[PDB]
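J.: Using PDB author numbering, the first residue of the sequence shown is number 1, and each one after it goes up by one.
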Amino acid sequence: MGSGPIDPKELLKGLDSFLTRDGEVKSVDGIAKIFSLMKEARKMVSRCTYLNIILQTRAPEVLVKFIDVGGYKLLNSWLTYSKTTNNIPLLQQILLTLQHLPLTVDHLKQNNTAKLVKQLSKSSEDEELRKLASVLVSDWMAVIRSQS
């Protein structure tokens with residue numbers, strides 16, 4: 001009650017019906033609700049709370065539906081944002097959520113995230129993001145070379 005600190009729990013507890021005890025989304029349309037609050041989450045802390053939910057989500061359909069509603073490209077928008085603003089642990093959160101959802105060869109050849117993240121994996125300052133990048137790049141080149 002009131003407003004002095006930033007309370008992101010108000011958004012997810014008012015919508016607690018679509019959340020679990022674990023913290024994931026119990027129903028695949030709830031993922032579209034999380035995305036709906038996420039795309040307009042005014043602060044870094046609030047939008048990062050939704051990323052944690054995409055990490056908790058164990059279902060294949062919920063992660064694929066997050067991609068389907070344009071969640072993967074929301075991450076691609078914030079990917080360039082967090083790099084230019086030097087938001088290193090925020091960019092990390094976006095990278096580990098990016099690789100947590102099944103980012104297929106299709107998505108790779110549409111958004112071309114592989115060339116962007118390659119610069120981090122090459123010789124960045126951010127050792128955390130660089131090694132994390134080198135993991136997902138090796139995974140992405142694996143699925144690419146197996147297809148074409």
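Beta carbons are placed, not taken as given, at the ideal position from N, Cα and C, and that holds for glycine.
Sort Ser134, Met141, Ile144, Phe18 by Cα distance to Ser121 and report the nearest one.
T.: By 1-based counting over the sequence shown, the position of residue 121 is 121. Cα-wise, what sits closest to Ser121 is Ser134.
J.: Alpha carbon to alpha carbon, what distance is there between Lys43 and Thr85?
T.: For the purposes of this step, residue 85 is identified with residue 85 of the sequence shown, where counting begins at 1. For the purposes of this step, residue 43 is identified with residue 43 of the sequence shown, where counting begins at 1. Each residue's alpha carbon lies about 14 angstroms from the other.
J.: Answer with buried or exposed for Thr57, where buried requires no fewer than 16 other C-beta atoms within 10 angstroms of its C-beta.
T.: The residue given as residue 57 occupies position 57 in the sequence shown. By the 10 Å Cβ count, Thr57 comes out buried.
J.: Which residues bound the alpha helix (DSSP H) around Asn111?
T.: Taking the first residue of the sequence shown as position 1, residue 111 is located at position 111. Note, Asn111: alpha helix (DSSP H), 105–111.
J.: With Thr97 and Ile31 assumed to form a contact (beta carbons below 8 angstroms), what rounded beta-carbon distance in angstroms separates them?
T.: Here residue 97 refers to the residue found at position 97 of the sequence shown. Here residue 31 refers to the residue found at position 31 of the sequence shown. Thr97 to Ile31, Cβ: 13 angstroms. No contact.
J.: Quick check on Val28: does DSSP put it in helix, strand or coil?
T.: As a first step, residue 28 must be located in the sequence shown, where it is residue number 28. Note: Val28 maps to coil in three-state DSSP.
J.: Measure the alpha-carbon distance for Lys39 versus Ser17 and round it to whole angstroms.
T.: Here residue 39 refers to the residue found at position 39 when the sequence shown is read from its first residue. Here residue 17 refers to the residue found at position 17 when the sequence shown is read from its first residue. Straight-line Cα distance between these residues: approximately 20 angstroms.
J.: Would a C-beta distance cut-off of 9 angstroms place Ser27 and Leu37 closer than the cut-off?
T.: Within the sequence shown, the letter at position 27 stands for residue 27. Within the sequence shown, the letter at position 37 stands for residue 37. It is not a contact, given that the beta carbons lie outside the stated cut-off.
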